[PDB]
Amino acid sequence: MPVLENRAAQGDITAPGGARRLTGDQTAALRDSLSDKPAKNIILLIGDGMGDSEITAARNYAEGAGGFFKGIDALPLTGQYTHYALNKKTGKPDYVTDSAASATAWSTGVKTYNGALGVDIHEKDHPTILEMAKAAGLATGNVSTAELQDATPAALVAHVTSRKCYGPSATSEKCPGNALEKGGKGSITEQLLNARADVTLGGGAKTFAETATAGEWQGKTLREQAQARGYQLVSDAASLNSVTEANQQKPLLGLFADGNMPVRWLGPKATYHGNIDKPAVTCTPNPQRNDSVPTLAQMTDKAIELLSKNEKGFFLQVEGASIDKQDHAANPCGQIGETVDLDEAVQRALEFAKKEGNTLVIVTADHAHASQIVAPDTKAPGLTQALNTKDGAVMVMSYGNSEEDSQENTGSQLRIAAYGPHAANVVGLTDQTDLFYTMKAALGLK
C-alpha cells in the first residue's frame, strides 16, 4: 500500500505541464490502496480548526504553492465530511459546531450540542472509541499539545455536560450533576485519571493541582491521586525518553506545561488593513519552544514505540491543538507553525504504518475556521496580514468573521484523508459520526 511520495509541481510552473502534480495515471496505484482486511492499529491525527483553507495557507507559506507536505498531503484516499452539531433544545441541526460537540461525534458516533463531552442531547453518556478499545484489550494513547482537559483529548475519556468542567472546582459549579461530591462521575480530570489510557501526553498540569472534594483521594491533589493510582508522571523530554514501558500496571502521564504547550513560531497579530499599512511578515521560531519540551512529532513517536509493544494492537489519537487557537487569535504565524508541526507528526505516523502494514492512519480536523487567503491588495473589514512565503512572494490572510476578540469557527465541510486498511471509508461525502463507525469496524470492536 503506497503513500503519495511526491505531489509537488513537477517542474517549471510557468511552462506547459510544469505545475502538474501527477506524473501518470493513478488507477492502478489507487487499486493498490484498497483493502478491507482488518486494521490492527489506528492512529487518528486531528488538526484543530484545520480546514482546507488552513492547509493551503500553511502549504503556500512553508512549501510554496507548488510544494507538498510530506505528511498531510501524502494520504492517498481523500474525501470531505460534515460536522454540524444539534441545538440542545430543539434537536435541530446547529450548523457551526464547537470542538466539544465535534470530538464527541467521532469519538462516540452520536451527534450532540455545542459544549457537551461524551453525552447526547439528553445528557446520556455513550462509550468512546478509546473506552471501547481498552475494553477489548488494545493499548490506547491520547496525545495533544493543548491542556489535557481541553475538548479534543478530553472527549476520549470524559462525559460531562459542559467542556468547562476541567477539575473539581469548575465541575461543582458548572457540572453539578457530574460533581464527585454530588455523586457524579467527576470533573474532566478525575474521569481522565479513571479512564487509564496507557499513554496520555500533553499540557494542563495546572488543574492537576486541585484537590478532590470527595472519594478515596479526597484531600489529595489530582497529581497525588495519579502517583497513588500508579501512573508514571514525566514532565520533560528527557524523562519522556527515559520511559520504556507503558501499561495498565504503570500507565504513563506526561504533563509538559501548566496550560497549552508552547507554539512553534511567533509573529504579530493580524490588524485592520495590516496588508496595506504594514510590511510583510516572516515568521520566527519561538525561543521558548524548548529543548526540554518534546515536540508533537516526538510525543507521537514515543507513544507509538510504547503502544506498539501490545500484541493485540492499539488506538492512538494525536492532536495538533494550537492551529485552532492561533486561528482564533488572528495570528497567521502561530497558526501556520502549528500545521507544519502537525505535518511532522503525520510523517512519523505514516512511516510506522507503511512498514507495519495493518495500521489505518486518518488525518482530519474537528471543524473549519476563519482564515481566508485573499488578494494582496484587498481592503477588508477585518484583520489582515501580508506574509513572505517560501516562493519569495507575498500571501495575504484575512480573519473577517468576528468583531469580538477571537475569530470564530465556520461550518464548511472539509478534507478527511486516510491510508491503510478500510481507508476507502473516508472517500466521497461522509459524516463525522461515520468516522466512529469506520474506526470501530476496522478494529473489529464490538
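Residues carry their position along the shown sequence, with the first being 1.
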Would you tell me which stretch averages the higher CA B-factor in the PDB entry, 10-18 or 427-435? 10-18
On mean C-alpha B-factor from the PDB entry, just flag whether 46-54 or 407-415 is the higher one. 407-415
Using the entry's values, work out which of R348, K111, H367, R223 has the largest Cα B factor. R223
Between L342, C333, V243, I188, which one tops the list for Cα B-factor in this entry? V243
Which third, lowest, middle or highest, does the CA B-factor of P287 fall in along this chain? highest
For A39, return the chain-relative third of its C-alpha B-factor as stated in the PDB record: lowest, middle or highest. highest
Ranking the modelled residues of this chain by C-alpha B-factor as given in the entry, is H83 in the lowest, middle or highest third? lowest
Split into thirds by Cα B-factor across the chain's modelled residues, where does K379 land: lowest, middle or highest? highest
Test of reading the entry: by CA B factor among the chain's modelled residues, which third contains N60? lowest
